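# Fold and contact review
Take a look at the letters that make up each chain.
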There are 4 protein chains.
Amino acid sequence: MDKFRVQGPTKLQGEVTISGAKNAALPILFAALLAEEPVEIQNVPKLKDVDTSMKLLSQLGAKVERXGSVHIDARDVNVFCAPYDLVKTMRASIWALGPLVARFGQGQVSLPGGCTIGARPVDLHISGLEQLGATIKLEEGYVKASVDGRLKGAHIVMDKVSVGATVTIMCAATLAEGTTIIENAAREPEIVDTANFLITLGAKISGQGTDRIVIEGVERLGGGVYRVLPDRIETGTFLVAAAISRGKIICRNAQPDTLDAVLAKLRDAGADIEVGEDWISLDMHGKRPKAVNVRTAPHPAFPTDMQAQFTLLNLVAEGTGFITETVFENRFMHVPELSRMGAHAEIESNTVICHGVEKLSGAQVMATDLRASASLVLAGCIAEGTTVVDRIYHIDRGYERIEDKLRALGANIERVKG
Amino acid sequence: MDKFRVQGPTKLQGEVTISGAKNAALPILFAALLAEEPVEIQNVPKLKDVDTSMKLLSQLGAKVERXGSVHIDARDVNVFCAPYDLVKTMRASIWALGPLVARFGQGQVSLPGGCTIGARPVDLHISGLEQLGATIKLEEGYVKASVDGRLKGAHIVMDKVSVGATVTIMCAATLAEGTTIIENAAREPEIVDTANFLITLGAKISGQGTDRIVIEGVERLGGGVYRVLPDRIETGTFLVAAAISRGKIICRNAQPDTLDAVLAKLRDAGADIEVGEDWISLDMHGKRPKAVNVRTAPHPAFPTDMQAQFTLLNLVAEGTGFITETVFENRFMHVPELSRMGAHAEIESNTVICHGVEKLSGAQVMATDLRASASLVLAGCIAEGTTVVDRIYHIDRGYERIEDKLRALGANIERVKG
Amino acid sequence: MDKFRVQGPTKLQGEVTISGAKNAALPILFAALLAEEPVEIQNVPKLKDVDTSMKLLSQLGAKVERXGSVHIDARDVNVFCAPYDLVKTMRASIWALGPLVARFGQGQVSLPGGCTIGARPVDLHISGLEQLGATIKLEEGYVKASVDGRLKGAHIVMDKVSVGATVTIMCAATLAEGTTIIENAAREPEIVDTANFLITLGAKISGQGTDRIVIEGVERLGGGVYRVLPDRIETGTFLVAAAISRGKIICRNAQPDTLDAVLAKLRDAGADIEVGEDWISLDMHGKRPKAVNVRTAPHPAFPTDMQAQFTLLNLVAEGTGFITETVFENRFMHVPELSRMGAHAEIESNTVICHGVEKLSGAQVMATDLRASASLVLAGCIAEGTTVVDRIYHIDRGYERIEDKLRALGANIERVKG
Amino acid sequence: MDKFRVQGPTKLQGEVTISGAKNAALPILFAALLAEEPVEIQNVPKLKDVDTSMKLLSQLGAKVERXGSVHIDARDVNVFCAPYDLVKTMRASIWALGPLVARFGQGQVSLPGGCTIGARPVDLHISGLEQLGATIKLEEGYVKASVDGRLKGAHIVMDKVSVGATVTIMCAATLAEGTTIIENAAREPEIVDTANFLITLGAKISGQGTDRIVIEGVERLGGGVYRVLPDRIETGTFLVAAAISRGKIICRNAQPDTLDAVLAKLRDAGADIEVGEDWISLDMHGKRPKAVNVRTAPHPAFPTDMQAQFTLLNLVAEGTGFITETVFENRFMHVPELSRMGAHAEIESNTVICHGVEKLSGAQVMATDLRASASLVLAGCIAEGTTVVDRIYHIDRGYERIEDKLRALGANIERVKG
Ligand SMILES: [C]C(=O)[N][C]1[C](O=P([O])([O])OP([O])(=O)O[C][C]2O[C](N3[C]=[C]C(=O)[N]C3=O)[C]([O])[C]2[O])O[C]([C][O])[C]([O])[C]1O[C@@]([C])([C]([O])[C][O])C([O])=O
Ligand SMILES: [C]C(=O)[N][C]1[C](O=P([O])([O])OP([O])(=O)O[C][C]2O[C](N3[C]=[C]C(=O)[N]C3=O)[C]([O])[C]2[O])O[C]([C][O])[C]([O])[C]1O[C@@]([C])([C]([O])[C][O])C([O])=O
Ligand SMILES: [C]C(=O)[N][C]1[C](O=P([O])([O])OP([O])(=O)O[C][C]2O[C](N3[C]=[C]C(=O)[N]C3=O)[C]([O])[C]2[O])O[C]([C][O])[C]([O])[C]1O[C@@]([C])([C]([O])[C][O])C([O])=O
Ligand SMILES: [C]C(=O)[N][C]1[C](O=P([O])([O])OP([O])(=O)O[C][C]2O[C](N3[C]=[C]C(=O)[N]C3=O)[C]([O])[C]2[O])O[C]([C][O])[C]([O])[C]1O[C@@]([C])([C]([O])[C][O])C([O])=O
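For this deposited structure, the header cites X-ray crystallography as the method used and 2.05 Å as the resolution.

## Topic: the site of ligand 4
Residues and elements named next belong to chain D. In the vicinity of ligand 4 there are 22 residues, among which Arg120, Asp123, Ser162, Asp305 and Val327 approach most closely. Residue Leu124 places a main-chain N or O atom 2.8 Å away from an oxygen atom belonging to ligand 4. Taking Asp305, its side chain carries an N or O atom lying 2.5 Å from an oxygen atom of ligand 4. Protein contacts shield 86% of the accessible area of ligand 4, which totals 850 Å² for the unbound molecule. Secondary structure elements with two or more residues in the shell around ligand 4: α1 (22-31), α5 (123-131), α6 (163-173) and α12 (370-382). Of the residues forming the shell around ligand 4, the biggest block, three residues, is contributed by α5. Residues of the shell around ligand 4, tallied by class, amount to 10 nonpolar, five polar and seven charged. Shared between two domains, the shell around ligand 4 takes at least three residues from each, and those domains are domain 1 (1-18 + 230-418) and domain 2 (21-228).

## Observations concerning a negative patch on the surface
Together, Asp257, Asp260, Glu277 and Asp278 of chain A make up a negatively charged patch on the protein surface. By secondary structure assignment, the location of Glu277 of chain A is in the loop between β16 (272-275) and β17 (279-283).

## Brief notes about the pairing of strand β17 (residues 279-283) of chain C
Residue and element names in this part refer to chain C. By the criterion of burial, β17 is predominantly enclosed, with four of the five residues buried. Sheet topology places strand β15 (residues 248-252) next to β17; five bridges connect them, and they run antiparallel. Looking at β17, one finds that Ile250 is bridged to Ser281. As paired elements, strand β16 (residues 272-275) and β17 share four bridges and run antiparallel to each other. Each bridged residue has a counterpart across the sheet, and for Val275 the counterpart in β17 is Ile280. Between β16 and β17, which pair antiparallel and follow one another directly, the connecting turn spans three residues.

## Considerations on the interface of chain A and chain B
The interface is formed by 26 residues belonging to chain A together with 28 residues belonging to chain B. Contact between chain A and chain B buries roughly 2,000 Å² in total, counting both sides, with carbon and sulfur atoms accounting for 53%. If you look at where chain A meets chain B, you find one salt bridge. Run the count over chain A and chain B and you get eight residue pairs in polar contact. Going through the elements one at a time, α11 (334-340) and β22 (364-366) of chain A are the ones with two or more residues in the side of chain A that touches chain B. Per-element tally for the side of chain A that touches chain B: the top contributor is α11 of chain A, with four residues. Within the side of chain A that touches chain B, the residues separate by chemical class into 12 nonpolar, 10 polar and four charged.

## So, unusual backbone geometry
Across the junction of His299 of chain A and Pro300 of chain A, the peptide omega takes the value 5°, indicating a cis bond. Relative to the helices and strands, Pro300 of chain A resides in the loop between β18 (294-295) and α10 (307-315). At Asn43 of chain A, a residue that is not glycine, the phi angle is positive and equals roughly 60°. Turning to its location among the elements, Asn43 of chain A is positioned in the loop between β3 (39-42) and α2 (48-59). Classification of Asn43 of chain A by relative accessible area gives buried; the value is 15%. Non-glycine residue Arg401 of chain B carries a positive phi angle of around 50°. Turning to its location among the elements, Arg401 of chain B is positioned in the loop between α13 (395-398) and α14 (402-408).

## Re the site of ligand 2
Residue and element names in this part refer to chain B. For ligand 2, the set of nearby residues contains 23 residues, the closest of which are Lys22, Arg120, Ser162, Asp305 and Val327. Measuring from an oxygen atom of ligand 2, one finds a backbone N or O atom of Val327 at 2.5 Å. In the complex, the protein chains occlude 89% of the 850 Å² of accessible area that ligand 2 would expose alone. Elements with a contribution of two residues or more to the shell around ligand 2: α1 (22-31), α5 (123-131), α6 (163-173) and α12 (370-382). Taken together, the residues that form the shell around ligand 2 break down as 10 nonpolar, five polar and eight charged. Viewed by domain, the shell around ligand 2 spans two of them, domain 1 (1-18 + 230-418) and domain 2 (21-228), each represented by three or more residues.

What counts, and where the lines are drawn
Within every chain, residues carry numbers counted from 1 in written sequence order, not necessarily those of the entry, while residues missing coordinates are excluded from display. Written order decides the labels, with chains lettered from A and ligands numbered from 1. In computing side-chain values, all of the structure's heavy atoms are included and hydrogens and water are not. Residues with missing side-chain atoms are left out of burial classes, side-chain pairs and their counts. A molecule or strand has a residue near it when one of that residue's heavy atoms lies within 4 Å. In protein, a polar contact means a hydrogen-donor-capable atom and an acceptor-capable atom, both N or O and within 3.5 Å, with residues adjacent in sequence counting only if both atoms are side-chain atoms; elsewhere, any N or O pair within 3.5 Å suffices. Each accessible area is a Shrake-Rupley estimate made with a 1.4 Å probe; only the visible protein chains count as cover when residues are assessed. Runs of H or I in DSSP of at least four residues are treated as helices and runs of E of at least two as strands, each being numbered from the N terminus. Three categories are distinguished: nonpolar for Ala, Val, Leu, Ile, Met, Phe, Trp, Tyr, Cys and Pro, charged for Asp, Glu, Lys and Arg, and polar for the others, with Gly belonging to the last. These domain limits were set by an automatic method or by a database of domain assignments. For patch detection, residues must exceed 30% relative accessible area and be free of salt bridges, and they are connected within 9 Å for like charges or within 5 Å for nonpolar side chains (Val, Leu, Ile, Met, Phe, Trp, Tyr). Any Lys or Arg side-chain nitrogen located within 4 Å of an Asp or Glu carboxyl oxygen qualifies as a salt bridge. Counting rule for charge: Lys and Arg are taken as positive, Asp and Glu as negative, and neither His nor the chain ends is counted. Where a charge lies is defined by one atom per residue type, namely NZ (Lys), CZ (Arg), CG (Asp) and CD (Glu). Accessible area is worked out with a 1.4 Å probe on protein chains only. A residue is then buried under 20% of its type maximum, exposed over 50%, and partly exposed in between. Pairing between two strands is assigned when DSSP locates at least 2 bridges connecting them. We call two residues in contact when some of their heavy atoms are within 4.5 Å. Joining two parts hides part of their accessible area as seen by a 1.4 Å probe, and the buried area is that hidden amount summed over both.

Quick look at the structure:
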C-alpha cells in the first residue's frame with residue numbers, strides 16, 4: 001500500500017517534464033497484439049499499469065521488454081486468455097479481447113469487477129464485438145469471444161460515449177472485412193493516438209478525434225515505432241499544483257491542444273498561462289486561486305480525470321465553486337479526506353459545493369483511486385504541517401515518479417514504510 | 001488476506017442461531033463510557049468491530065473483558081482521544097465522542113474519512129452535540145468537543161434520519177441539564193436497544209422506537225447488565241440464504257418484529273414464512289424465488305443492510321425486479337461481482353434493474369464491504385462450480401462465524417489463507 | 001382566468017387566523033362515505049378542493065351541505081363511481097375507492113393521471129385494498145374494485161411512506177372483518193385527525209401518528225361531529241410571509257406541535273419564534289432572513305408542502321442555501337418564475353442551489369400549482385414594484401381567503417379578472 | 001385546448017411526407033433578424049410556433065408573410081423588445097435577443113417562463129453574449145442586453161451542451177468584430193441548418209455539426225432563399241407509429257443521416273428499415289416490437305425529443321426495457337397517462353422501467369407537452385377502444401397536420417371540443 005509523508009506549506013515552482021499518456025500507452029500496448037512484425041512504443045511511462053500490461057502481453061506469448069521505450073514482438077502470440085490475477089489489477093486489460101478476436105478468431109478475458117469510482121460495465125465493448133461478427137459468452141467469469149470466420153465491418157452507433165469501447169471496436173475493426181463506422185465515438189486524444197499508432201501498422205482509419213470513425217479492414221498489420229503523446233492529465237495535475245501553491249510551473253514535453261477546457265478553467269481561476277509548441281507555463285504571481293465552476297464530460301470538454309484536482313483547487317480557492325461530475329457516479333471520495341484537512345465542502349448528488357479556505361492543515365488521509373491519490377499529495381504539499389497519504393499504490397498506477405517530479409518543484413515528500 | 005473458497009450448487013437448509021446485533025452491541029459499548037459502575041453486556045457477537053471497540057475502550061482507560069458477554073468498567077476512563085489508527089478501522093468510533101463530552105466535558109475523535117459505500121459525514125452528530133451546548137472544532141483531522149461543565153438539554157429536530165447521530169445525541173443527552181427532545185429520530189431497533197441499555201444504567205428516556213425521543217438528563221449513570229437484541233440483518237442474511245437456494249431455514253434466537261419489511265418481501269418472493277416469539281422459519285418448497293421491487297429506507301422500511309442480499313435474490317429469481325437504494329449512494333459494488341457470476345443487472349443511478357437467471361456460475365470475486373461480502377458468499381453457495389470471494393476480512397466485521405453457520409446449512413465453504 | 005396584482009415591497013404585519021387543514025378536511029370528507037348516520041365536520045376551510053369533494057359526494061348520493069362546517073349524510077349513497085371528469089380536477093378523490101369498497105363491496109374511481117409536481121402513482125392504494133381482499137382491475141381508465149361480502153383485515157407492510165395510501169387502507173380497514181395492521185404508516189397529523197374522525201364514528205383504531213396503525217373492523221359506522229385540526233401548511237406559509245418581509249406575525253388557532261421542523265428552520269433563519277397552547281408568533285426584528293438547508297421527508301420532518309415557500313426564503317435570504325426535495329420529483333416549477341423576479345437559483349438534480357439576493361423585482365409570473373402560487377404571491381409582497389400572478393385558481397384549491405389574510409397583514413393585493 | 005378522439009386499434013400503414021423541421025425553421029426565423037435584405041425560408045411547416053415567431057417578428061418591425069414559404073423582410077426592424085405576452089407562449093423567442101444585440105446594439109426579451117419538462121434556464125445564452133461583449137441586466141423579468149458598437153469575437157467554452165445557447169452565440173457572432181470560437185457547441189442537425197442559412201446570407205461559419213464552431217464576423221448579412229431540412233422528430237414519430245402498430249410506413253422528404261441513433265434503436269426493436277437519399281421505410285412485418293433500452297443525450301445520440309414515443313414503444317413491446325432521460329429533468333409526464341391506458345411503467349428518478357403489454361385500452365388522457373401529446377395520439381391509434389387526448393394544443397406547436405398525416409396511414413382520428 002505504502003505512504004507519502006508530505007510536509008507543507010510548500011510553494012511549487014520550476015519545471016517538470018511531462019510523461020507519455022498512460023491512457024495512450026495502454027490501449028496502444030494491447031493494439032500491439034494486432035502487429036505481425038515487431039513494434040516499438042516510445043515515450044512510455046514507467047507505471048504499474050504498464051508493467052501489468054507487459055506481464056499480460058508476455059502471458060499471451062508476446063516477447064516484451066522495456067528501459068522510455070517498450071518493445072513488443074507479438075508475432076508468436078499463442079495464448080488467448082488474460083488470467084484473472086492480472087485483469088483484477090487492471091480493468092484496462094479488457095482491451096486484450098478485441099485484438100485477439102480480430103487476429104486469432106478468439107479471445108478470453110476475465111470480466112472486470114467492481115470499481116470504486118463507478119461500476120464501469122463493458123457492455124458496450126462486448127456488444128460492439130458482436131455488431132462486428134463475434135459470438136460472445138461468459139463462463140466462469142471470463143468473457144469468451146470467438147469469430148469462426150474473420151471479423152465483419154459494421155455501422156455501429158454507440159449508445160453511450162465510451163473511450164474504452166471506442167478503442168476496442170476501432171482496434172478490432174482494423175482486421176475486419178469491409179467498412180466499420182462508429183457513430184457517437186469517443187474523441188479523446190488517446191484515441192487519436194491509438195488510431196495513428198494503428199495507421200503506422202498500416203490500418204486504414206478516418207476521423208479519429210471526431211464523433212465518427214471510419215475503419216476499412218486490412219489483411220494484417222506490420223510493425224513500426226510510435227511515440228505516445230504527452231499525458232494531459234499529469235500535465236493538468238502539475239499545472240493545478242502550481243495554481244494552488246501560488247506558484248509557477250513550466251511543463252515541458254507537452255501537447256497544449258489536448259487541454260483547451262482545463263487551460264480555460266485555470267485562466268478562469270486567475271492563472272497567467274502561456275503555451276508554446278511543446279510546453280505550457282503557469283504563474284500565479286504569488287496569488288491564491290479564484291474559485292471556478294466545473295462540469296465534467298467527454299473530450300473535448302472538461303475531463304473527469306482532472307475533477308479531483310480542481311475540487312482541491314476550489315477548496316483552497318477564493319469564494320465558492322461547483323464541481324459537477326457527469327461521467328463517473330462515485331468519484332467524490334477525495335472530498336471526505338480533504339475535509340479532514342480543513343476543507344469546507346458539501347456533496348449534493350454529483351455536485352460538490354466548495355467553499356475555499358486559505359490553508360489546509362496536515363492530517364493522515366486515505367487515497368481511494370488514482371486521481372484522488374495525487375490530489376491528496378497536492379493537498380499535503382500546501383497544507384500546514386505533516387500530511388500522510390496512505391494507499392499510495394493508487395498513484396503508482398498512473399504517475400511515473402510523482403515524488404521526484406514534485407520534489408523538483410520544491411515539495412517535501414518521503415515515501416514511507418507502510 | 002484470507003478468502004472463502006465456496007463450492008456450488010448447494011441447497012441451504014436446516015437451522016441457525018442468531019447472534020447479538022453487531023449494531024446494538026457497538027453503540028452500547030460506547031454508551032458504557034457513560035457508566036460509573038461496572039457493566040456486563042450479554043449476547044455480544046464475537047466480531048472484529050467489537051474487538052476494535054474493545055481496543056478503543058481500553059485505550060481510553062476502561063477495563064474491558066469478554067468471553068457471551070463483554071464486561072466494561074469505565075470508572076477510570078482517563079484518555080479522551082479516539083485516535084486515527086482506530087477510527088479509520090471503524091468509523092462507528094465516532095460514538096466515543098458524545099459520552100466523553102457528556103461525562104468529561106471534553107472529547108476528541110478522528111474525523112472519519114470517506115467510506116466504500118458512501119461519504120458518510122458526521123455533520124449531524126456534530127451539530128446535535130453543538131445544540132447540547134458543545135463547542136466543536138476540527139484541528140489536525142481531530143473532532144474536538146468541549147463544554148463549560150454540563151451539556152444542556154435541547155429540542156433537536158434532526159435534518160435527516162441518522163441512526164448514528166440519534167445514538168450520539170441520545171447518549172450525550174443522558175447527562176445533560178434538563179430535557180432533550182430528538183425529533184425525526186431514527187427508529188431502528190438498535191436505538192430501542194441502546195435506550196433500554198441506558199435506562200438500565202439509570203437514564204430517563206422515553207419514545208425510543210419512535211420519531212421523537214425524550215431524554216431527562218441525570219447527574220450520573222451507574223452500572224448494570226443488559227442483553228443485546230438479535231441481529232436482524234444476520235437473520236435476514238440466512239433467510240435469503242434459504243430463499244435463493246430453494247431451501248428451508250429456522251432461525252433461533254430471532255426477534256421477528258424487527259423484520260416486518262424483510263419478511264413481507266420474502267413472502268412477496270414466494271417464501272412460506274412462520275414466526276414464533278423468538279424464531280422465524282422460511283420454506284421455499286423447492287421453488288425459485290419470484291422477483292421483487294425493493295426500496296431501502298430507514299426502519300421500519302426495508303433496511304439498506306439487506307439490500308445487497310436481495311439484489312442477489314432478485315438476480316436468481318423468476319422475472320425482473322428493481323432495488324433502489326435511498327440510504328447510501330454507493331452500495332452497488334456487489335453488482336459487478338455478481339455480474340462476473342452470470343447475473344444480469346443494470347445500474348441506473350440509485351436503482352439496480354435485475355433480470356433473474358436460473359443459474360449463477362462460480363468465479364473469482366472481490367468482497368468490497370460487509371453486506372456485499374456475505375451476498376458474494378451466498379452467491380458462491382448457489383452458483384455452479386467454485387467461487388473464490390477475496391477480502392473476506394469484511395465479513396469478519398459483522399458476522400459471527402458465518403462460515404460455520406453456513407456449513408451447518410449444508411454449505412461447502414473453506415477459509416483459505418493465500 | 002383570475003390573477004393577483006401584487007405591489008411591494010410590503011412588510012407583513014399583524015395576525016392571521018388559521019383555517020382548518022385542507023389535508024384533514026379532504027380525507028375526512030371521503031371517510032364520511034363509511035358513515036351511516038349524519039356527520040358534521042367543523043372548521044372546514046372554504047376551498048375549491050372542498051367544493052369538489054362535496055360535488056363528488058353529492059354525485060355518489062350523499063346529501064351534503066356547508067356554511068364553518070360541512071354536513072354529510074351518506075346513509076343513501078347509491079352510485080359507486082368517481083368519474084374522470086371530477087378525478088381529473090382533484091386526485092384526492094382516489095379516497096372514495098376504499099370507503100365504497102368497504103361499505104358497498106364495489107367502487108370505481110378514474111385512475112389519477114399525471115400531475116404538475118410528479119407522476120404520483122396510486123399503486124400503494126390498490127395494493128393495500130388488494131391485501132384487504134379486494135379484486136381490482138383497470139378498464140377504460142377506471143380502477144374498479146370489488147369484494148364478496150366485507151373486506152378482511154390484514155398485516156400490511158407499506159413499501160414507501162404514503163399519506164394517501166395510509167388513509168385509504170385505514171378507512172377501508174374500519175369495516176373489514178378482523179384486524180388490520182398498517183406498518184410503515186405515514187404519521188402526518190392529518191392521519192391522526194382522520195383516525196380520530198373514524199373513532200368518533202365507532203371505529204377501533206390505535207397507533208395513529210406512529211408508524212404502526214392497528215384497526216379492529218366493526219360492522220357499521222355511525223355519525224358524529226368532528227372538528228378538523230388547524231392547517232399547518234397555511235400556518236407555515238404565513239410564518240414564511242412574515243419571515244421574508246421583515247415582519248412580525250401571530251397565527252391564531254394554530255397547533256404548534258405540527259410544525260416542529262418548520263419552526264426549527266425558521267429559527268435557523270434567525271426568526272424569533274414563541275409558541276402558545278394554540279398560537280405561534282414570529283418576529284424577525286427588522287431582519288431579512290438567513291439561508292438554510294432543507295430536506296423534505298414525511299412528517300415529523302420538514303414537509304414537502306412548505307418547500308416552495310422556503311425556497312422563496314432562501315432566494316431572498318442573505319447566504320447560500322439548498323432545498324432538497326425527496327417527496328415530489330418535479331416540485332421546482334416556482335424556481336424559474338422567481339428567477340423572472342431576480343432570484344439567483346440553480347436546480348441540480350433534486351436540490352435547488354439558492355444564492356439569496358437582496359431584492360426581488362416585480363414581474364408577470366405564472367402559478368403552476370398550489371404551493372407554488374402561494375410562494376409567488378408572497379414573492380410579490382416583498383418584490384419592489386408590481387407583480388402579476390396568473391392562474392391564481394391554484395391558490396383557491398388550498399387557501400381560504402389568502403388575499404384577505406394577506407391584506408390584513410398589510411399586503412397590497414388585488415384580484416383581477418382578465 | 002380542443003381534443004382528439006381516437007378510435008383504435010389501427011395498424012398504421014402507407015406513406016407520409018415529412019415537413020421541414022420545426023427546430024430549424026425556428027432558429028432560422030430569428031436568425032433572419034440579422035438580414036438586411038429579404039429572405040425566403042422554404043419548407044417551413046405550418047405550426048403554432050411558426051405563427052408565434054411570425055407574430056413576434058412582425059412586432060419587432062419585420063415584414064413577414066407565409067402560404068410552403070415564410071417571407072421576411074427585416075430591413076426596417078425597429079422594435080427591440082420581445083414582450084412577455086408573446087414569449088410566455090414560446091421559449092424559443094429567447095432567440096430574438098442575440099440578433100437584436102448583434103445588429104442593433106440592443107435587445108430585450110422576457111426571461112422564460114418555467115416549463116413542464118424541466119426548468120430550462122437561459123444562463124448560457126446570457127453568458128455567451130456577455131462573453132461577446134454585451135452588458136446584460138434583468139429588469140422586471142426582461143433580459144435587457146446592450147453593446148456599444150459591434151460585439152467582439154470571443155473564444156467561448158460552453159460548460160454544458162445547449163442547442164439554444166449554441167444558436168444564440170453563433171448568430172450573434174456573425175456580426176461580431178473578429179473571430180468567435182464555440183467550444184462544446186451542440187452538434188444538432190438544426191444547428192448545421194441554421195449555420196448554412198447564415199452562410200447563405202454571407203456569414204463566415206465553419207465547424208457546424210462539430211463540437212467547435214468558428215465564426216469570422218462580417219459587416220452585414222444580406223438576404224437569400226434557404227430550404228429548411230426535414231423534421232427528424234416528425235420522421236421518428238411516424239416511424240414509431242409504424243413500429244408500435246405492427247404496420248409499415250414510408251417517410252418521404254426525409255434526411256436519413258439525422259437519425260442514426262433512432263434508426264439503430266428501431267432495428268433493435270425488430271423493425272426492417274430501408275433508407276434512400278430522401279426516404280426511410282419501416283416495416284414491422286406484422287410483429288410486435290421488442291423492448292429496447294434507451295439513453296437520451298445530445299445529438300448524435302438518441303434524442304430527448306424521441307423519448308416519450310419510445311417510452312410508448314417499450315410500453316407495448318415484448319419484454320422489459322428502460323428509458324433514461326439525461327437532457328430534461330422532468331420529461332415523463334406521458335407515463336402516468338399511459339398508465340391510465342394500462343401501461344405497466346415504473347419511474348425511478350431519471351429512468352422509466354417499461355414492461356410492455358400486448359394491448360393498451362382507450363381512455364381519456366391529457367397531453368402535457370408537445371412530444372407527449374404526440375405519443376398519446378399514437379397510443380390512441382393502437383389502444384383498444386376510444387382515447388380522447390385533451391390539451392392537443394401541444395401537438396399543434398410542433399406538428400403540421402398530424403391528424404391528416406395519421407389518417408392517411410389509416411388512423412381513425414376526429415378533432416373535438418369535448
Ligand atoms: C485506461 C483508460 O483509458 N482509462 C480512462 C477511460 O476509461 P474507460 O473505462 O475507457 O471510460 P469510458 O468507457 O469512457 O466510461 C464512460 C462511462 O461509460 C460507462 N460505460 C463504459 C463502457 C461500457 O461498455 N459501458 C458503459 O456503460 C462507464 O461506466 C462510464 O460511466 O476513460 C475515462 C473517461 O475519461 C477516464 O476517466 C479513465 O482513466 C482513469 C479513470 C482510469 O485509468 C482508471 O484509473 C484514470 O486514468 O484515472
Ligand atoms: C455501526 C452502525 O450502526 N452502522 C449502521 C448505521 O450506520 P450510520 O452511519 O449510523 O447510518 P446513518 O447515520 O443512519 O446514515 C444514514 C444516512 O445519513 C447520512 N448521514 C449520517 C450522519 C450524519 O451525521 N450526516 C449524514 O448525512 C449518511 O451518509 C447516510 O446516507 O446505520 C445504517 C442504516 O441502517 C446501517 O447501514 C449501518 O450498518 C452498516 C452499513 C455498518 O457497517 C457501518 O455503517 C452494516 O452493514 O452493518
Ligand atoms: C390531498 C392530500 O392529502 N394531499 C397531500 C398528500 O399527497 P399524497 O398524494 O397523499 O402524498 P403521498 O401518498 O404521501 O405521496 C408521497 C410519495 O409517494 C408516491 N406514492 C404515493 C402513493 C402510492 O400509492 N405510490 C407512490 O409511489 C408519490 O409519488 C410521492 O412521491 O401528502 C403529500 C405529502 O406530504 C402532500 O404534499 C399533499 O398535499 C398537496 C401536495 C396537495 O396538492 C395534494 O395534491 C398540497 O400541496 O396541499
Ligand atoms: C426550439 C428548439 O430548438 N427546441 C429544442 C432545443 O431546446 P433548448 O432549450 O435549446 O435545449 P438545450 O439548450 O439543448 O437544453 C439542454 C439542457 O441544457 C440546459 N440549459 C440550456 C440552456 C441554458 O442556457 N442553460 C441550461 O442549463 C437545459 O435546461 C437542458 O437541461 O433543444 C432540445 C434538446 O434537444 C430539444 O428538446 C428542444 O425541442 C423541444 C422540446 C422544444 O419544444 C422545446 O424547446 C421539442 O421540439 O419538443
